[PDB]
Amino acid sequence: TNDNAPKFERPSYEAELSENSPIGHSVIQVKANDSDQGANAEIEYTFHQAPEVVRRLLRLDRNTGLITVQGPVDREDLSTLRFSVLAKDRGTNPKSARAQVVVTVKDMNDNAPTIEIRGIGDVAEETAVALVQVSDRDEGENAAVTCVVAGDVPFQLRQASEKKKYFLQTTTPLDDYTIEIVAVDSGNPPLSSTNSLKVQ
Ligand SMILES: [Ca+2]
Ligand SMILES: [Ca+2]
Ligand SMILES: [Ca+2]
Ligand SMILES: [Ca+2]
């Protein structure tokens with residue numbers, strides 16, 4: 001008869017996993033142990049109680065305790081996957097044991113900075129003429145954006161001090177102009193977008 005509980009090799013498991021990992025990719029391996037012999041020591045791993053998301057993104061091998069990728073991890077959609085692995089042997093009285101598991105989703109530079117523009121209408125030098133707002137959905141460096149007017153044109157950007165906002169203003173006056181704004185991450189590889197604009 002079934003004398004022992006299964007026992008995880010660790011009460012709790014931490015893990016890092018970069019978003020957009022390929023399907024099939026190994027995430028982590030869990031192991032439990034039964035001092036017993038026979039079926040009374042034959043462990044199945046299962047997480048039927050795990051959140052829909054976890055079950056949607058991850059596959060847990062019933063026999064080995066290998067968690068591998070089966071869906072699209074988006075750090076931008078969900079940044080941490082926390083759940084619990086159940087291990088029970090095959091006694092007819094099947095003694096169980098439970099280990100909790102945390103996967104922190106690592107950021108990838110998968111998001112090009114976005115730049116939204118609205119106008120304000122001799123004209124004075126240093127005069128604000130548009131509102132430019134810039135935002136990158138990524139994290140840290142991958143969202144450290146650099147924004148500049150492409151060309152040689154008598155306009156430049158100036159920050160509304162410390163979603164980043166900027167005044168597109170005047171560098172000298174006169175008395176009509178197309179103006180291209182350029183945005184670039186400080187992540188590797190960096191991504192980039194532009195937005196044209198006709199002064200009004
Ligand atoms: Ca047992
Ligand atoms: Ca993403
Ligand atoms: Ca990202
Ligand atoms: Ca980015």
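Virtual Cβ from ideal backbone geometry, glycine too; neighbours counted across all protein chains shown. Each answer follows from the model by the rule given with it, or from the source it names; no laboratory read-out is quoted.
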inquiry  = Going residue by residue through the stretch 85-102, is there one that turns out to be within 16 Å of ligand 4 (Cβ to nearest atom), more than 21 Å from the chain's Cα centre (by Cα) and either under 30 Å from residue 37 (Cα atoms) or not assigned by CATH to the domain that holds residue 52 (or both)?
reply    = no
key: Among the residues listed as 74, 89, the single one being of a type in the set (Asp, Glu) and surrounded by 19 or more Cβ atoms within 10 Å (Cβ to Cβ)   = 89
message = Tell me the residue from 26, 18, 35 that is touching a strand residue (DSSP E or B) at 6+ places or on another chain (Cβ under 9 Å), within 16 Å of ligand 4 (Cβ to nearest atom) and not aliphatic (A, V, I, L, M), please.
response = 18
remark   = Scanning the stretch 1-35 for residues that are closer than 14 Å to residue 97 by Cβ and of a type in the set (A, V, I, L, M, F, W, C), the one surrounded by the most Cβ atoms within 10 Å (Cβ to Cβ) turns out to be 32
The stretch 129-152, subset more than 16 Å from ligand 3 (Cβ to nearest atom) and touching a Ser or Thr at 6+ places or on another chain (Cβ under 8 Å), residue farthest from residue 77 (Cα to Cα) = 129
ask   = Among (1) of a type in the set (S, T, N, Q); (2) over 17 Å from residue 25 (Cβ atoms); (3) touching a helix residue (DSSP H, G or I) at 6+ places or on another chain (Cβ under 8 Å), which single condition is residue 96 missing?
value = (3)
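Tell me, which strands (runs of 3 or more DSSP E) lie completely within the stretch 77-169 with 1 or more residues that are within 16 Å of ligand 2 (Cβ to nearest atom) and among the hydroxyl-bearing types (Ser, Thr, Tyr)?
80-88, 96-106, 114-119, 130-135
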inquiry  = Filter the stretch 170-194 down to the residues that are more than 16 Å from ligand 4 (Cβ to nearest atom), within 34 Å of the chain's Cα centre (by Cα) and not in a loop (DSSP other than H, G, I, E, B) and list them by number.
reply    = 180, 181
query = Only one residue in 151, 71, 121, 140 is at positive phi and under 29 Å from the mean Cα position of the chain (by Cα). Which one?
reply = 140
key: the stretch 36-54 - residue that is assigned to a loop (DSSP other than H, G, I, E, B) and of a type in the set (D, E, K, R) and, of those, surrounded by the most Cβ atoms within 10 Å (Cβ to Cβ)   = 36
inquiry  = Contact list please: Cβ distance under 6 Å, first residue in the stretch 1-23 and under 13 Å from residue 108 (Cα atoms), second residue in a loop (DSSP other than H, G, I, E, B) and away from ligand 4 (no atom under 16 Å from the Cβ), pairs at least six apart or on different chains.
reply    = 19/73; 21/73
